[PDB]
Amino acid sequence: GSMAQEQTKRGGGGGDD
Amino acid sequence: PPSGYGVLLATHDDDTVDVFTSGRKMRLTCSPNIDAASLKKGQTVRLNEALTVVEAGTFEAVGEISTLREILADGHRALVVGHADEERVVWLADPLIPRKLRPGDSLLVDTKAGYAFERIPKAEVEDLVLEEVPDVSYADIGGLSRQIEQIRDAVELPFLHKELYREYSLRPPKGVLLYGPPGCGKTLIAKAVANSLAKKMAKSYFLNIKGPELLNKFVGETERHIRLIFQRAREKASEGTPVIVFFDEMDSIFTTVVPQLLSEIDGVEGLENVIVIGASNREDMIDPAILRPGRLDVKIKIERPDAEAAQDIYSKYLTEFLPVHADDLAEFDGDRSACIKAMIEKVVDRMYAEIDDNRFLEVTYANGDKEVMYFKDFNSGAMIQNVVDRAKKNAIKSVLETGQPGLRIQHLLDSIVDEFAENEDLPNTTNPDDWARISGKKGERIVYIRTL
Amino acid sequence: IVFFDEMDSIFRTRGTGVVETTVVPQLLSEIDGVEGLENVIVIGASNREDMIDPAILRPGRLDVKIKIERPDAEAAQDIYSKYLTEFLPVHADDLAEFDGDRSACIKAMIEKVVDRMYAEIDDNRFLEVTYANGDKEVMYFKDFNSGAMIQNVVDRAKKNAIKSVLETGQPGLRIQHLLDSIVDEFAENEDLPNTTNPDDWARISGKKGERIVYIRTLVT
Ligand SMILES: Nc1ncnc2c1ncn2[C@@H]1O[C@H](COP(=O)(O)OP(=O)(O)O)[C@@H](O)[C@H]1O
């Protein structure tokens, strides 16, 4: 019976031009 | 002659068409040789130094693959997602405009030209995982014939009388609650009824959900999980394949999650093909609200093993194809089936015998009426299957040690002893939850229980 | 043989997260596909079996469960025998008591230290458990003994022996070293409730039948 707060974890992403 | 290529976009009444080429759109003119109306949207065309379309080829077969998200209301454009989670809106090709395209399909696309040309087939494994193979027939279960007939009456009867209900403007009952003893064959009846229903319409899905693992205590997440389960059930019911939603160990649960479950059951009541089957070993602890008339009207009580069923179960497990000792064959002049039947009768009789080898449980009462339960009680199909597996292992050990193949009653007795020793621990720690677990079956509360 | 160690890290569950959520499905599918092969075996180990979702542990893929209980007096004697080898130097005072019979001296020492460790002396009290309905419960060190602790006891005894041969010049090993190692290990682990495990508390609750209310660390 309690609430939570989220911390994100960024995922790798890369593009060319 | 050096000739380029491009992608057609659309036609016009002035015999001029737009073509994407070299990264830019150009309004080319069609040569008199080709027919402008014959051109199809998205068809690759051939250019030349004068930028005139003279030939039209096939559709492109190489490029990026994007997952379809939705089809727009116009019927000519679709919204898809790229490899980098980038969404785009692209026009569909003529071949894409039975078969019906569905969300989740993979399509070959060209981002620069903004066209989708072909669909790449893909095989999904989620559908196979979610369902079970209808391999459990009526003959696969033994000693539950009256339960089989009750299930038949509860399930298959409205199917033959659907027009009767339609004329009478009524709602056939779609709620079956299987309540009985500790897990022996309670879920196997669900597999049997699913297989029987699959047989009648001659593809089959069985969504099994456990009770304790469904609980998401913290804040209202269990309602979310139940809603997701019922949404998946609705999605499966969209396809014309019968789906049975089974809930196991529902005595753990039941201002609470009960109203959400009732609302979902009422919502799924419209889908009469879907059959909800619940299992619980404690009918007393189950809240009577779910037992109210309407949804879960049909309740079926099951038990164990009438000894004959154990024999039937042994025949199902210890078939005629198992190796048999020559010495035991000497007692039955080489009749394998008769030898197997006699061995099954012998082992069942010994197991259900009140002897010194059946001191599994000692029961004490308030007045001190200390009695002894034997191996006949608490017998179960899973326990018999484990006994069969241990007996096979012991027979293999005897074959690899002594060298003589075959089966002996000593193997069955050793398997029985070892499996009862193993089963003395899982349900019986004897301080918690054992009192009710034995009192419901016996019929009276027991003050103290001990294991001998 | 594929060995999935510390199965709490991955394949644990997906509902409680507070992609990692997309690891169980493909693993289960691959295990189902490879099940047909006769010679492929999957082995997994984990301290906390509760964190593992039962879906991978359903009959089929993971059909065998093996529980490794904490050692008892006989198991402790066997483990000490596995570590207190005759190749370790033994002091002349203890060796002469058996007329050079190394095996007899070693086994007598093992029995003595096992009896000392498992004895219910007042110095061996570790924890006090409070029950609302019941009076109370007392837990000693033997309830949380393990082979690793035995190995560390032997190592500490050998370290004490090395310090003794450096300080006095007499090579060998003594029973006093083992007793000092035992008491030092008990004092060192007295403060930390680390020895307790959720499995241990589940077993204690299923033995008493009442939920724990309070745990106290006894100390002189
Ligand atoms: N009449 C029967 N014939 C064959 N097998 C049976 C019979 N009754 C029970 N069993 C076996 O007992 C096992 C119990 O499986 P399941 O129903 O999943 O667990 P539980 O009995 O705890 O619900 C099944 O695998 C089934 O093979």
# chains A, B, ... in the order shown; residues from 1 in each chain; ligands from 1
$ residues_near_ligand --ligand "ligand 1" --cutoff "9 Å" --atoms "only C-alpha atoms and all ligand atoms" --output "VMD selection string"
(chain B and resid 136 139 to 144 182 to 191 248 to 249 279 304 to 305 309 to 310 312 to 314 316 to 317 380 to 385) or (chain C and resid 59)
$ write_last_selection --atoms "N, CA, C and O atoms" --output "compact mmCIF listing (two decimals), in the first residue's frame"
# COMPACT_ATOMS: atom_id res chain seq x y z
N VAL B 136 -5.18 -34.43 -24.16
CA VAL B 136 -5.78 -35.08 -23.00
C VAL B 136 -7.22 -35.43 -23.37
O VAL B 136 -8.09 -34.55 -23.41
N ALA B 139 -10.33 -40.89 -22.34
CA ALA B 139 -9.65 -42.10 -21.92
C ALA B 139 -8.37 -41.80 -21.14
O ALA B 139 -7.91 -42.67 -20.39
N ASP B 140 -7.80 -40.61 -21.30
CA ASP B 140 -6.57 -40.27 -20.60
C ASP B 140 -6.79 -40.12 -19.10
O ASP B 140 -5.85 -40.26 -18.32
N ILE B 141 -8.02 -39.81 -18.68
CA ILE B 141 -8.36 -39.69 -17.27
C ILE B 141 -9.20 -40.88 -16.87
O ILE B 141 -10.12 -41.29 -17.60
N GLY B 142 -8.89 -41.46 -15.72
CA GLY B 142 -9.61 -42.62 -15.22
C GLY B 142 -10.13 -42.39 -13.82
O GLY B 142 -9.54 -41.65 -13.03
N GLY B 143 -11.24 -43.05 -13.51
CA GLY B 143 -11.88 -42.90 -12.22
C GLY B 143 -12.68 -41.64 -12.04
O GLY B 143 -13.16 -41.38 -10.93
N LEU B 144 -12.83 -40.83 -13.09
CA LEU B 144 -13.59 -39.59 -13.03
C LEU B 144 -14.71 -39.57 -14.07
O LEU B 144 -15.05 -38.51 -14.60
N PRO B 182 -6.53 -32.01 -2.68
CA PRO B 182 -5.22 -31.47 -3.06
C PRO B 182 -4.91 -31.84 -4.51
O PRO B 182 -5.32 -32.89 -4.94
N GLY B 183 -4.19 -30.96 -5.22
CA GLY B 183 -3.93 -31.21 -6.63
C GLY B 183 -3.62 -32.65 -6.97
O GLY B 183 -2.53 -33.15 -6.68
N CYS B 184 -4.58 -33.30 -7.63
CA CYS B 184 -4.38 -34.70 -8.10
C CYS B 184 -4.60 -34.71 -9.62
O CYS B 184 -3.62 -34.98 -10.34
N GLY B 185 -5.83 -34.43 -10.07
CA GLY B 185 -6.11 -34.36 -11.49
C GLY B 185 -7.08 -33.24 -11.82
O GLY B 185 -7.76 -33.30 -12.85
N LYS B 186 -7.14 -32.23 -10.95
CA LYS B 186 -8.16 -31.19 -11.09
C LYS B 186 -7.99 -30.40 -12.38
O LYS B 186 -8.97 -30.13 -13.08
N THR B 187 -6.76 -30.01 -12.72
CA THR B 187 -6.54 -29.28 -13.96
C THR B 187 -6.65 -30.19 -15.18
O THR B 187 -6.96 -29.70 -16.27
N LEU B 188 -6.41 -31.49 -15.01
CA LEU B 188 -6.48 -32.40 -16.15
C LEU B 188 -7.89 -32.46 -16.73
O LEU B 188 -8.06 -32.71 -17.93
N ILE B 189 -8.91 -32.24 -15.89
CA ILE B 189 -10.28 -32.18 -16.39
C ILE B 189 -10.45 -30.99 -17.33
O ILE B 189 -11.18 -31.07 -18.33
N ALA B 190 -9.78 -29.88 -17.03
CA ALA B 190 -9.83 -28.72 -17.92
C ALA B 190 -9.21 -29.05 -19.27
O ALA B 190 -9.75 -28.68 -20.32
N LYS B 191 -8.07 -29.74 -19.27
CA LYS B 191 -7.46 -30.15 -20.53
C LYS B 191 -8.38 -31.09 -21.29
O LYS B 191 -8.52 -31.00 -22.52
N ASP B 248 -6.21 -21.32 -11.35
CA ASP B 248 -5.76 -22.37 -10.45
C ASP B 248 -5.40 -21.78 -9.10
O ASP B 248 -4.86 -20.67 -9.02
N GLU B 249 -5.69 -22.53 -8.04
CA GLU B 249 -5.38 -22.15 -6.67
C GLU B 249 -6.01 -20.79 -6.33
O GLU B 249 -5.33 -19.83 -5.97
N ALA B 279 -10.51 -23.38 -10.11
CA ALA B 279 -10.18 -24.49 -9.24
C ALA B 279 -9.86 -23.98 -7.84
O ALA B 279 -9.17 -22.97 -7.68
N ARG B 304 -10.66 -38.62 -5.23
CA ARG B 304 -9.52 -39.50 -5.58
C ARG B 304 -9.80 -40.92 -5.06
O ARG B 304 -10.90 -41.15 -4.53
N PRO B 305 -8.86 -41.88 -5.21
CA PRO B 305 -8.63 -42.56 -6.48
C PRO B 305 -9.46 -43.84 -6.59
O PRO B 305 -9.17 -44.65 -7.45
N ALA B 309 -9.38 -46.40 -10.04
CA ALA B 309 -8.77 -45.31 -10.84
C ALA B 309 -7.25 -45.42 -10.74
O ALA B 309 -6.59 -45.34 -11.79
N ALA B 310 -6.72 -45.63 -9.53
CA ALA B 310 -5.26 -45.83 -9.38
C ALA B 310 -4.84 -46.96 -10.31
O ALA B 310 -3.84 -46.80 -11.03
N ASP B 312 -6.53 -48.00 -12.99
CA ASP B 312 -6.63 -47.38 -14.31
C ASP B 312 -5.44 -46.46 -14.58
O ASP B 312 -4.89 -46.45 -15.68
N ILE B 313 -5.04 -45.67 -13.58
CA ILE B 313 -3.91 -44.77 -13.73
C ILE B 313 -2.62 -45.56 -13.96
O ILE B 313 -1.79 -45.19 -14.80
N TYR B 314 -2.44 -46.65 -13.21
CA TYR B 314 -1.28 -47.50 -13.42
C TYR B 314 -1.27 -48.10 -14.82
O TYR B 314 -0.22 -48.18 -15.47
N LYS B 316 -2.59 -46.73 -17.45
CA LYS B 316 -2.22 -45.62 -18.33
C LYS B 316 -0.71 -45.39 -18.31
O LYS B 316 -0.11 -45.09 -19.34
N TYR B 317 -0.09 -45.51 -17.13
CA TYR B 317 1.35 -45.30 -17.01
C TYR B 317 2.14 -46.57 -17.32
O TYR B 317 2.97 -46.58 -18.23
N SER B 380 -2.62 -39.57 -4.80
CA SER B 380 -2.88 -38.56 -5.86
C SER B 380 -2.29 -39.03 -7.20
O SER B 380 -1.38 -39.88 -7.17
N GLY B 381 -2.79 -38.49 -8.31
CA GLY B 381 -2.31 -38.89 -9.62
C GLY B 381 -0.87 -38.47 -9.86
O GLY B 381 -0.09 -39.21 -10.47
N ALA B 382 -0.50 -37.28 -9.39
CA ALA B 382 0.88 -36.83 -9.50
C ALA B 382 1.81 -37.72 -8.67
O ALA B 382 2.92 -38.04 -9.11
N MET B 383 1.37 -38.11 -7.48
CA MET B 383 2.18 -39.00 -6.65
C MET B 383 2.35 -40.36 -7.32
O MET B 383 3.44 -40.94 -7.29
N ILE B 384 1.29 -40.88 -7.94
CA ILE B 384 1.39 -42.15 -8.65
C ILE B 384 2.32 -42.03 -9.85
O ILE B 384 3.09 -42.94 -10.16
N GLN B 385 2.26 -40.89 -10.56
CA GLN B 385 3.17 -40.68 -11.69
C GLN B 385 4.62 -40.63 -11.22
O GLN B 385 5.51 -41.19 -11.87
N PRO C 59 6.63 -27.76 -14.35
CA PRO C 59 7.04 -29.08 -14.83
C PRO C 59 7.27 -29.05 -16.33
O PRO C 59 6.54 -28.40 -17.08
$ interface_residues --of "chain B" --to "chain A" --cutoff "10 Å" --atoms "only C-alpha atoms" --output "number ranges by chain"
B: 84, 217-220
$ interface_residues --of "chain C" --to "chain B" --cutoff "6 Å" --atoms "only C-alpha atoms" --output "VMD selection string"
chain C and resid 206 to 207 209
$ write_last_selection --atoms "N, CA, C and O atoms" --output "PDB file, in the first residue's frame"
ATOM      1  N   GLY C 206       7.424 -21.978   9.728  1.00  0.00           N
ATOM      2  CA  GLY C 206       6.705 -23.220   9.524  1.00  0.00           C
ATOM      3  C   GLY C 206       6.922 -24.256  10.599  1.00  0.00           C
ATOM      4  O   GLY C 206       6.179 -25.239  10.659  1.00  0.00           O
ATOM      5  N   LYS C 207       7.938 -24.064  11.438  1.00  0.00           N
ATOM      6  CA  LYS C 207       8.148 -24.909  12.605  1.00  0.00           C
ATOM      7  C   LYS C 207       7.320 -24.438  13.796  1.00  0.00           C
ATOM      8  O   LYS C 207       6.615 -25.236  14.421  1.00  0.00           O
ATOM      9  N   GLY C 209       4.872 -22.043  13.641  1.00  0.00           N
ATOM     10  CA  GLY C 209       3.519 -21.798  13.196  1.00  0.00           C
ATOM     11  C   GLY C 209       3.054 -20.366  13.348  1.00  0.00           C
ATOM     12  O   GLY C 209       2.000 -20.014  12.806  1.00  0.00           O
TER      13      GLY C 209
END
$ select_by_dssp --residues "region 115-218 of chain B" --states "helix (DSSP H, G or I)" --output "number ranges by chain"
B: 126-130, 145-160, 162-168, 186-200, 212-214
$ interface_residues --of "chain C" --to "chain A" --cutoff "12 Å" --atoms "only C-alpha atoms" --output "VMD selection string"
chain C and resid 16 to 20
$ residues_around --residues "residue 259 (chain B)" --least-positions-apart "3" --cutoff "10 Å" --atoms "only C-alpha atoms" --output "list in words"
residues 223, 255, 256, 262, 263, 264, 265, 289 and 290 of chain B
$ write_last_selection --atoms "N, CA and C atoms" --output "short mmCIF file (atom, residue, chain, number, x, y, z; two decimals), in the first residue's frame"
data_model
loop_
_atom_site.label_atom_id
_atom_site.label_comp_id
_atom_site.auth_asym_id
_atom_site.auth_seq_id
_atom_site.Cartn_x
_atom_site.Cartn_y
_atom_site.Cartn_z
N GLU B 223 -5.47 -5.94 -10.19
CA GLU B 223 -6.59 -5.60 -11.07
C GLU B 223 -6.10 -5.34 -12.49
N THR B 255 -13.94 -3.47 -2.07
CA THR B 255 -12.89 -3.28 -1.07
C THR B 255 -11.65 -4.08 -1.45
N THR B 256 -11.79 -4.95 -2.44
CA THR B 256 -10.72 -5.87 -2.83
C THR B 256 -10.81 -6.09 -4.34
N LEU B 262 -15.51 -9.70 -10.90
CA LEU B 262 -16.92 -9.82 -11.26
C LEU B 262 -17.25 -8.97 -12.48
N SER B 263 -16.71 -7.75 -12.54
CA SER B 263 -16.95 -6.89 -13.70
C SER B 263 -16.38 -7.50 -14.97
N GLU B 264 -15.17 -8.06 -14.89
CA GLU B 264 -14.58 -8.69 -16.06
C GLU B 264 -15.37 -9.92 -16.49
N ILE B 265 -15.87 -10.70 -15.52
CA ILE B 265 -16.69 -11.86 -15.85
C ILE B 265 -17.98 -11.42 -16.54
N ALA B 289 -19.84 -14.48 -3.06
CA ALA B 289 -20.24 -13.52 -4.08
C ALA B 289 -20.02 -14.08 -5.48
N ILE B 290 -18.88 -14.72 -5.72
CA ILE B 290 -18.65 -15.38 -7.00
C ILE B 290 -19.56 -16.59 -7.16
#
$ atom_distance --atom1 "CA of residue 52 (chain B)" --atom2 "CA of residue 24 (chain B)"
15.1 Å
$ closest_residue --among "C:154, C:41, C:68, C:108" --to "residue 181 (chain C)" --atoms "only C-alpha atoms"
C:154
$ atom_distance --atom1 "CA of residue 118 (chain B)" --atom2 "CA of residue 76 (chain B)"
14.4 Å
$ closest_residue --among "C:169, C:116, C:133, C:63" --to "residue 183 (chain C)" --atoms "only C-alpha atoms"
C:116
$ atom_distance --atom1 "CA of residue 24 (chain C)" --atom2 "CA of residue 43 (chain C)"
16.0 Å
$ closest_residue --among "C:212, C:7, C:150, C:182" --to "residue 70 (chain C)" --atoms "only C-alpha atoms"
C:150
